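K.L.:
upload.txt is reproduced below (compact mmCIF, C-alpha atoms and all ligand atoms).
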```
# COMPACT_ATOMS: atom_id res chain seq x y z
CA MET A 1 0.00 0.00 0.00
CA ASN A 2 1.01 3.62 -0.64
CA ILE A 3 -0.66 7.02 -1.21
CA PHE A 4 -1.42 6.26 -4.87
CA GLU A 5 -3.04 2.88 -4.15
CA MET A 6 -4.87 4.40 -1.18
CA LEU A 7 -6.40 7.26 -3.13
CA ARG A 8 -7.11 4.94 -6.07
CA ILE A 9 -9.24 2.87 -3.68
CA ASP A 10 -11.00 5.91 -2.16
CA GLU A 11 -11.58 7.82 -5.40
CA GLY A 12 -12.20 5.03 -7.95
CA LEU A 13 -11.45 5.35 -11.68
CA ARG A 14 -13.94 6.65 -14.24
CA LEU A 15 -13.06 7.71 -17.78
CA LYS A 16 -16.14 9.85 -18.48
CA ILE A 17 -17.17 13.04 -16.68
CA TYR A 18 -19.22 12.15 -13.57
CA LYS A 19 -20.51 13.95 -10.47
CA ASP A 20 -18.62 13.41 -7.23
CA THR A 21 -20.14 12.93 -3.77
CA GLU A 22 -20.90 16.66 -3.59
CA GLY A 23 -22.48 16.89 -7.04
CA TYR A 24 -19.42 18.38 -8.80
CA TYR A 25 -18.15 17.40 -12.24
CA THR A 26 -15.11 15.16 -11.91
CA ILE A 27 -13.15 12.67 -14.03
CA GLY A 28 -10.44 10.04 -13.74
CA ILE A 29 -9.29 9.29 -10.22
CA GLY A 30 -11.10 12.01 -8.28
CA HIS A 31 -9.91 14.86 -10.49
CA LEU A 32 -12.32 17.70 -9.69
CA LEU A 33 -12.96 19.72 -12.86
CA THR A 34 -15.09 22.58 -11.56
CA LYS A 35 -17.78 23.48 -9.06
CA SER A 36 -19.80 25.01 -11.90
CA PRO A 37 -23.23 23.45 -12.60
CA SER A 38 -22.46 23.73 -16.33
CA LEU A 39 -21.37 20.51 -18.05
CA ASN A 40 -19.93 22.62 -20.88
CA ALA A 41 -17.80 24.48 -18.31
CA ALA A 42 -16.56 21.13 -17.00
CA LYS A 43 -15.75 19.94 -20.52
CA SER A 44 -13.73 23.10 -21.13
CA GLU A 45 -11.79 22.53 -17.90
CA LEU A 46 -11.16 18.95 -19.00
CA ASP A 47 -9.81 19.90 -22.43
CA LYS A 48 -7.57 22.53 -20.82
CA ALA A 49 -6.28 19.93 -18.32
CA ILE A 50 -5.54 17.23 -20.92
CA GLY A 51 -4.42 19.51 -23.76
CA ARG A 52 -6.83 18.31 -26.44
CA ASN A 53 -10.50 18.35 -27.42
CA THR A 54 -11.74 15.39 -25.33
CA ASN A 55 -15.52 15.79 -25.48
CA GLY A 56 -15.78 14.49 -21.90
CA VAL A 57 -13.88 11.21 -22.32
CA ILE A 58 -10.26 10.39 -21.51
CA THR A 59 -8.01 7.32 -21.51
CA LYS A 60 -6.63 5.45 -18.50
CA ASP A 61 -3.18 6.86 -19.21
CA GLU A 62 -4.57 10.39 -19.21
CA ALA A 63 -6.49 9.70 -15.98
CA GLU A 64 -3.31 8.47 -14.31
CA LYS A 65 -1.41 11.54 -15.51
CA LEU A 66 -3.88 13.94 -13.86
CA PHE A 67 -3.75 11.74 -10.74
CA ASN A 68 0.05 11.94 -10.53
CA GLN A 69 -0.13 15.72 -10.91
CA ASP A 70 -2.88 15.94 -8.27
CA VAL A 71 -1.00 13.88 -5.69
CA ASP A 72 2.20 15.83 -6.37
CA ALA A 73 0.31 19.11 -6.02
CA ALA A 74 -1.39 17.98 -2.77
CA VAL A 75 1.94 17.12 -1.17
CA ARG A 76 3.76 20.22 -2.38
CA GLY A 77 0.84 22.27 -1.11
CA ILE A 78 1.02 20.76 2.38
CA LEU A 79 4.73 21.63 2.47
CA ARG A 80 3.85 25.26 1.58
CA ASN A 81 1.07 25.59 4.12
CA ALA A 82 2.23 27.05 7.43
CA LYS A 83 -0.52 25.23 9.35
CA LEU A 84 -0.11 21.84 7.69
CA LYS A 85 3.65 21.45 7.27
CA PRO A 86 4.55 21.07 10.96
CA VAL A 87 1.89 18.39 11.45
CA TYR A 88 2.95 16.57 8.28
CA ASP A 89 6.61 16.72 9.30
CA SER A 90 5.78 15.26 12.72
CA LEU A 91 4.13 12.16 11.20
CA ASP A 92 5.42 8.75 10.06
CA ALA A 93 4.98 7.80 6.39
CA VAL A 94 1.68 5.92 6.81
CA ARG A 95 0.00 8.77 8.69
CA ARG A 96 1.48 11.25 6.20
CA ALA A 97 -0.47 9.41 3.51
CA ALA A 98 -3.65 9.84 5.58
CA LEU A 99 -3.09 13.60 5.71
CA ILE A 100 -2.43 13.76 1.95
CA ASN A 101 -5.67 11.81 1.46
CA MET A 102 -7.63 14.48 3.35
CA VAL A 103 -6.00 17.31 1.36
CA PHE A 104 -6.72 15.50 -1.88
CA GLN A 105 -10.39 15.28 -0.93
CA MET A 106 -11.10 18.65 0.66
CA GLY A 107 -8.20 20.95 -0.23
CA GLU A 108 -5.64 22.69 1.99
CA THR A 109 -8.11 25.25 3.33
CA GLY A 110 -10.53 22.48 4.28
CA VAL A 111 -7.86 20.50 6.13
CA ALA A 112 -6.60 23.66 7.84
CA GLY A 113 -10.08 23.79 9.38
CA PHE A 114 -9.29 20.63 11.32
CA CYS A 115 -6.95 22.50 13.69
CA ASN A 116 -8.37 20.80 16.81
CA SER A 117 -7.60 17.38 15.29
CA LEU A 118 -4.28 18.48 13.80
CA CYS A 119 -3.02 19.55 17.23
CA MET A 120 -3.89 16.11 18.65
CA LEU A 121 -2.10 14.35 15.79
CA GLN A 122 0.99 16.50 16.31
CA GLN A 123 0.87 15.51 19.98
CA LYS A 124 0.55 11.84 18.96
CA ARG A 125 -2.67 11.38 20.93
CA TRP A 126 -3.96 8.97 18.31
CA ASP A 127 -7.17 7.77 19.94
CA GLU A 128 -8.16 11.29 20.94
CA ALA A 129 -7.38 12.61 17.46
CA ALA A 130 -9.51 9.86 15.92
CA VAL A 131 -12.47 10.83 18.13
CA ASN A 132 -12.08 14.50 17.22
CA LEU A 133 -11.72 13.82 13.47
CA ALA A 134 -15.15 12.15 13.41
CA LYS A 135 -16.78 15.31 14.78
CA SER A 136 -16.98 16.80 11.30
CA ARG A 137 -19.15 17.35 8.25
CA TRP A 138 -16.49 15.27 6.47
CA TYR A 139 -17.21 12.17 8.58
CA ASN A 140 -20.98 12.58 8.34
CA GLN A 141 -21.08 13.04 4.56
CA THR A 142 -18.45 10.39 3.66
CA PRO A 143 -18.39 8.08 6.69
CA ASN A 144 -16.90 4.95 5.10
CA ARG A 145 -13.95 6.84 3.60
CA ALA A 146 -13.51 9.00 6.70
CA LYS A 147 -13.50 5.83 8.81
CA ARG A 148 -10.67 4.36 6.69
CA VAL A 149 -8.60 7.54 6.88
CA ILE A 150 -9.25 7.87 10.62
CA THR A 151 -8.24 4.25 11.25
CA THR A 152 -5.01 5.01 9.41
CA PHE A 153 -4.33 8.00 11.71
CA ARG A 154 -5.29 5.99 14.79
CA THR A 155 -3.13 2.92 14.11
CA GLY A 156 -0.39 4.08 11.74
CA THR A 157 -1.08 0.88 9.77
CA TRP A 158 -2.73 0.12 6.42
CA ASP A 159 -5.32 -2.18 8.06
CA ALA A 160 -8.35 -0.27 6.70
CA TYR A 161 -7.13 -0.74 3.10
CA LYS A 162 -5.96 -4.38 3.32
CA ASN A 163 -8.93 -6.25 1.82
CA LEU A 164 -9.69 -3.48 -0.67
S1 LIG B 1 -3.96 24.15 13.22
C1 LIG B 1 -3.33 25.00 14.64
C2 LIG B 1 -1.82 24.96 14.64
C3 LIG B 1 -1.06 23.91 14.93
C4 LIG B 1 -1.59 22.61 15.51
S2 LIG B 1 -1.56 22.66 17.32
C5 LIG B 1 0.39 24.18 14.64
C6 LIG B 1 0.87 23.29 13.50
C7 LIG B 1 1.23 23.97 15.90
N1 LIG B 1 0.36 25.58 14.23
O1 LIG B 1 1.39 26.23 13.88
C8 LIG B 1 -0.98 26.16 14.27
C9 LIG B 1 -1.10 27.22 15.36
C10 LIG B 1 -1.43 26.70 12.92
CL CL B 2 -5.01 20.20 -13.97
CL CL B 3 -17.78 7.26 2.19
```
Once you've parsed the file, please lay out its structure as structure tokens.

P.N.:
Amino acid sequence: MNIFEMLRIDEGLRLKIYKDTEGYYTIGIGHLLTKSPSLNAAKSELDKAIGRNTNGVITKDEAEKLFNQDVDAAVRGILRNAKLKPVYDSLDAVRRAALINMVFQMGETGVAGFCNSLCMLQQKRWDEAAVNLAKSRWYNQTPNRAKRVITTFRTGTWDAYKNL
């Protein structure tokens, strides 16, 4: 297991434009295209992202390319965020992946809003952090995924992704 395989499990793979859990146009492996309600707007974002006229469909190679860029960007973003970097730096590699997973899903600003939980993680109070992480819109709206990510923070193991 690693961050790519983890997010591949959590995000799935679809080669046509689809709506994510929040209703937003997305493609590939959880590549958000736009929050616009316009499918044409989403198609324009897609073409811009891929570099050709796609008409809403991409290949697996193209999906994986956007995914690599998205993971890279998530990580590099954490390292540039003054609130996130110290927490990330304090973690082991497995828990680092859990934090990247959250950023991938909700963005740096979203994750910065978990300051109560982030402080507990930095302190290595794993059970307490796990309890606090579940007190969130995130957990309520995507409970199965949140549970997997929280288990990863709690245990520092890949147990929640083993049979998946
Ligand atoms: S998110 C609140 C913050 C934390 C966690 S206790 C820390 C990384 C220490 N930090 O610099 C703050 C004040 C942004
Ligand atoms: Cl992009
Ligand atoms: Cl879920």

K.L.:
For the atom pair atom CA of residue A:83 and atom CA of residue A:104, what is the interatomic distance in Å to one decimal place?

P.N.:
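Between these atoms lies a distance of 16.1 Å.
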
K.L.:
Within 10 Å of residue A:70, counting all atoms listed in the file, which residues show up once you throw out same-chain ones fewer than 2 positions away? Write them as a list in words, please.

P.N.:
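Everything that qualifies: residues 29, 30, 31, 32, 64, 65, 66, 67, 68, 72, 73, 74, 75, 76 and 104 of chain A.
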
K.L.:
For each of A:50, A:160, A:94, A:84, take the minimum atom-to-atom distance to residue A:122, counting only C-alpha atoms, then give the residue where this is smallest.

P.N.:
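Residue with the minimum atom-to-atom distance to residue A:122: A:84.
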
K.L.:
Between atom CA of residue A:98 and atom CA of residue A:150, what is the distance in Å, rounded to a tenth?

P.N.:
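The value is 7.8 Å.
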
K.L.:
Check which residues fall inside 12 Å of ligand LIG 1 (chain B) when counting all atoms listed in the file, and print them as a compact mmCIF listing (two decimals) with C-alpha atoms, in the frame of the given file.

P.N.:
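Listing of pocket-v1.txt after writing:
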```
# COMPACT_ATOMS: atom_id res chain seq x y z
CA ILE A 78 1.02 20.76 2.38
CA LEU A 79 4.73 21.63 2.47
CA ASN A 81 1.07 25.59 4.12
CA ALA A 82 2.23 27.05 7.43
CA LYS A 83 -0.52 25.23 9.35
CA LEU A 84 -0.11 21.84 7.69
CA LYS A 85 3.65 21.45 7.27
CA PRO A 86 4.55 21.07 10.96
CA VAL A 87 1.89 18.39 11.45
CA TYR A 88 2.95 16.57 8.28
CA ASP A 89 6.61 16.72 9.30
CA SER A 90 5.78 15.26 12.72
CA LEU A 91 4.13 12.16 11.20
CA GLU A 108 -5.64 22.69 1.99
CA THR A 109 -8.11 25.25 3.33
CA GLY A 110 -10.53 22.48 4.28
CA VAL A 111 -7.86 20.50 6.13
CA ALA A 112 -6.60 23.66 7.84
CA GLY A 113 -10.08 23.79 9.38
CA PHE A 114 -9.29 20.63 11.32
CA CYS A 115 -6.95 22.50 13.69
CA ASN A 116 -8.37 20.80 16.81
CA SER A 117 -7.60 17.38 15.29
CA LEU A 118 -4.28 18.48 13.80
CA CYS A 119 -3.02 19.55 17.23
CA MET A 120 -3.89 16.11 18.65
CA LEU A 121 -2.10 14.35 15.79
CA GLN A 122 0.99 16.50 16.31
CA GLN A 123 0.87 15.51 19.98
CA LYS A 124 0.55 11.84 18.96
CA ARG A 125 -2.67 11.38 20.93
CA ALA A 129 -7.38 12.61 17.46
```

K.L.:
Looking at A:53, A:132, A:69, A:144, which one is nearest to residue A:161, with distances taken over all atoms listed in the file?

P.N.:
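Looking only at the distances to residue A:161, the closest residue turns out to be A:144.
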
K.L.:
So how far away is atom CA of residue A:41 from atom CA of residue A:6, in Å?

P.N.:
29.4 Å

K.L.:
Could I get the residues of chain A with an atom no further than 9 Å from an atom of ligand CL 3 (chain B), each paired with its nearest atom pair and that distance in Å to one decimal, using all atoms listed in the file, sorted by chain and residue number, as JSON lines?

P.N.:
```
{"residue": "A:10", "atom": "CA", "partner": "B:CL3", "partner_atom": "CL", "distance": 8.2}
{"residue": "A:21", "atom": "CA", "partner": "B:CL3", "partner_atom": "CL", "distance": 8.6}
{"residue": "A:139", "atom": "CA", "partner": "B:CL3", "partner_atom": "CL", "distance": 8.1}
{"residue": "A:140", "atom": "CA", "partner": "B:CL3", "partner_atom": "CL", "distance": 8.7}
{"residue": "A:141", "atom": "CA", "partner": "B:CL3", "partner_atom": "CL", "distance": 7.1}
{"residue": "A:142", "atom": "CA", "partner": "B:CL3", "partner_atom": "CL", "distance": 3.5}
{"residue": "A:143", "atom": "CA", "partner": "B:CL3", "partner_atom": "CL", "distance": 4.6}
{"residue": "A:144", "atom": "CA", "partner": "B:CL3", "partner_atom": "CL", "distance": 3.8}
{"residue": "A:145", "atom": "CA", "partner": "B:CL3", "partner_atom": "CL", "distance": 4.1}
{"residue": "A:146", "atom": "CA", "partner": "B:CL3", "partner_atom": "CL", "distance": 6.4}
{"residue": "A:147", "atom": "CA", "partner": "B:CL3", "partner_atom": "CL", "distance": 8.0}
{"residue": "A:148", "atom": "CA", "partner": "B:CL3", "partner_atom": "CL", "distance": 8.9}
```

K.L.:
For the selection just defined, write its residues with C-alpha atoms to a file, as a PDB file, in the frame of the given file.

P.N.:
```pdb
ATOM      1  CA  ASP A  10     -11.000   5.910  -2.160  1.00  0.00           C
ATOM      2  CA  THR A  21     -20.140  12.930  -3.770  1.00  0.00           C
ATOM      3  CA  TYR A 139     -17.210  12.170   8.580  1.00  0.00           C
ATOM      4  CA  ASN A 140     -20.980  12.580   8.340  1.00  0.00           C
ATOM      5  CA  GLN A 141     -21.080  13.040   4.560  1.00  0.00           C
ATOM      6  CA  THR A 142     -18.450  10.390   3.660  1.00  0.00           C
ATOM      7  CA  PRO A 143     -18.390   8.080   6.690  1.00  0.00           C
ATOM      8  CA  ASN A 144     -16.900   4.950   5.100  1.00  0.00           C
ATOM      9  CA  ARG A 145     -13.950   6.840   3.600  1.00  0.00           C
ATOM     10  CA  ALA A 146     -13.510   9.000   6.700  1.00  0.00           C
ATOM     11  CA  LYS A 147     -13.500   5.830   8.810  1.00  0.00           C
ATOM     12  CA  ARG A 148     -10.670   4.360   6.690  1.00  0.00           C
TER      13      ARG A 148
END
```

K.L.:
Once 5 Å is added on each side, what centre and edge lengths in Å to one decimal does the axis-aligned box around all listed atoms of stretch 56-68 of chain A have, as lines of an AutoDock Vina configuration file?

P.N.:
```
center_x = -7.9
center_y = 10.0
center_z = -16.4
size_x = 25.8
size_y = 19.0
size_z = 21.8
```

K.L.:
Considering only C-alpha atoms and all ligand atoms, can you say which of A:164, A:13, A:39, A:49 comes closest to ligand CL 2 (chain B)?

P.N.:
A:49

K.L.:
Which residue out of A:159, A:47, A:11, A:128 has the minimum interatomic distance to ligand CL 2 (chain B) when only C-alpha atoms and all ligand atoms are used?

P.N.:
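Going through A:159, A:47, A:11, A:128 one by one, the smallest distance to ligand CL 2 (chain B) is for A:47.
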
K.L.:
Have a look at A:9, A:42, A:134, A:1 and name the one nearest to ligand CL 2 (chain B); count all atoms listed in the file.

P.N.:
A:42
